[PDB]
Amino acid sequence: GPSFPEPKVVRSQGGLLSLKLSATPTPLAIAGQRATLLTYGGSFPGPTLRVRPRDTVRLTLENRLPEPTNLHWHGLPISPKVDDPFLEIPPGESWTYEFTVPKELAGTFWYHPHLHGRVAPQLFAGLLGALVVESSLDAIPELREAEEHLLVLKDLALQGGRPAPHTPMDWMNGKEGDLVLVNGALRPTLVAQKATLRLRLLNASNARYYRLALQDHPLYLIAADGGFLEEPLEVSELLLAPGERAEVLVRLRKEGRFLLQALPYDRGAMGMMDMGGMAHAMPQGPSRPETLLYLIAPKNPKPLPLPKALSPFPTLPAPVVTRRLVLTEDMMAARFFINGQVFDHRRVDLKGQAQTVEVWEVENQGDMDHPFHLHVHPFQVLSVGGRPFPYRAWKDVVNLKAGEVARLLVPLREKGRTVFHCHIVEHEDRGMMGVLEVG
Ligand SMILES: [Hg+2]
Ligand SMILES: [Hg+2]
Ligand SMILES: [Hg+2]
Ligand SMILES: [Hg+2]
């Protein structure tokens, strides 16, 4: 097959993507070994769904797992009556998700389970795939002529031919694995045919961070989680927290082999030690560097010029309310809180008005990085840690380091009950989630 493995794409036809997927234990070959994973569509990752604004999506999910499951349409500003975080599909049963892709939308999104208490083991086992919303912007020559690839960043650990079980420590930290894969492949080679690459990036890991850097090259950020930036932004590196997406242009500068690496990064994971007194928690420190893929540049590369502009970001109406949501931890209990409470599906925590804008101040008072996700309502990050964000774009996950405050501009779109939570998914399963009702 192609040197660079990417999930099979399923495209809308005549404005309709109609597809049946089964969530099923699947024997496959992964990273040179045989394993049974939990998959959608018999593959890991699941198939990439590729749609356009105004398309109809009709997706029937059949649950062939021994426990309930559902789908979360991550990043999609659709109704929570469709993207229903409380819906349970029992084992053996099916459910059809039907929605229209919003008109003003573009980017890389994804799908995976969202059932409180069950997310971490299901996601870790392989239940995830990408969804790409194509844009008329993709037709401008500076993007059209680029070579495009999806990179699904997901790690895994195997034990006895199956995903390794969660340990107590995994529930405290979020589980990371030793197999650090791209599209389910171990350190694949991307033999570029064009001098400009357009890479769509997805962190589908439970807890692992990817501090992305390509040897000898900057990256040009062109999209965040849920849409384009206003113009390309040059960066020397790019951190993708769990749940985040980005799109970058890579402008290959000379012939040769360049490593795309996940550089060392300390997200505040903890170990346990006993040094003659203490049996207490201790910092793991930074992750070890990982090579994600080998990028081979073509002969005499001459990259396209960058787009001078992408998409103008809407200036939003003036906000009508400010929220404050404080994140805390009880590490030894593996419990996690928002404003001093754990999730209760019966309890509404915030009540907001559709079509108004809110300011959300999210404060991490813990010692671990916590990536904060809000369903249904994409937001504009104004600042994090008191530093203004260097671009305007739609996001749905924002990373907060220990002590940091994020200030978000949150337009409320669809009416109904939805959730917000930490995207270190073990933390969500262990309580770090709340309920927003929009009316
Ligand atoms: Hg998610
Ligand atoms: Hg979720
Ligand atoms: Hg110690
Ligand atoms: Hg968290």
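Note that ligands are numbered from 1 as they come in the structure, with each ligand's atoms numbered from 1 the same way. Residue numbers count from 1 along this sequence.
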Between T56 (side chain) and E98 (backbone), is there a donor-acceptor pair under 3.5 Å?
no
Would you call the rings of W110 and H112 parallel, tilted or perpendicular, where under 30° means parallel and over 60° means perpendicular?
tilted
Hey, can you pull the donor-acceptor pairs under 3.5 Å for the side chains in residues 321-328, sequence neighbours left out?
{"from": "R323", "atom 1": "NE", "to": "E358", "atom 2": "OE1", "distance (Å)": "2.9"}
{"from": "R323", "atom 1": "NH2", "to": "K351", "atom 2": "O", "distance (Å)": "2.7"}
{"from": "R323", "atom 1": "NH2", "to": "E358", "atom 2": "OE2", "distance (Å)": "2.9"}
{"from": "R324", "atom 1": "NH2", "to": "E363", "atom 2": "OE1", "distance (Å)": "2.8"}

To check your reading of the site, what angle at the Hg ion (ligand 4) do ND1 of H427 and SG of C422 form, to 10°?
130°
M275 backbone or side-chain N/O/S under 3.0 Å from the Hg ion (ligand 3)
no
Mind counting the protein N, O or S atoms sitting less than 3.0 Å from the Hg ion (ligand 2)?
3
Metal site angle (apex the Hg ion (ligand 3)), SD from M282 and SD from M273, 10 degrees
100°
Tell me whether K175 is salt-bridged to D155, with the criterion being a basic N under 4.0 Å from an acidic carboxylate O.
no
Any side-chain heavy-atom pair of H166 and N206 under 4.5 Å:
yes
In terms of side-chain geometry, is the basic nitrogen of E6 or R200 positioned less than 4.0 Å from the acidic oxygen of its partner?
no
Check the surroundings of atom NE2 in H345: do more than 12 heavy atoms from other residues, nucleotides or ligands lie under 6.0 Å from it?
no
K20 and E62 ion-paired at < 4.0 Å:
yes
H370: its N/O/S atom lying closest to the Hg ion (ligand 4) (atom name):
ND1
